[PDB]
């Protein structure tokens, strides 16, 4: 528990992380925001979702660490996907547990690209995954 009084987001999320196994990595732009209020950390993921909406943040848990960015650091990507169905690629991300429902792949089965917008660490993964998968399927 924690009563914040104009504390930097970095200090705040460090406080949240005390009761977590994973470190929290707060971007430069997120860290310059301040936060005030009475906080209880009885449900960190729910809090993260709410604060991301209140304060204009985006976040990703990659299974080992939590990344927090300002909404202004959102990466907007267009990604080629020529040799695999969008649905196959989606399921692949999901099964692997890297997919984040807050940052969905936006495409259609007619065209050879899809869009994705979200935390840089996430989008970088999505782009790499699509690039690896497209190549490995580039054949009869």
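Numbering follows the first chain given and starts at 1.
- Relative to its counterpart among 74-82 and 91-99, 91-99 has the higher mean temperature factor, C-alpha atoms as listed in the PDB entry.
- Across the options 106, 111, 50, 34, the residue with the most elevated CA B-factor in the record is 111.
- Considering 15, 129, 123, 25 together, the PDB entry gives 15 the largest C-alpha B factor.
- In this PDB entry, residue 117 carries a Cα temperature factor that places it within the lowest third of its chain's modelled residues.
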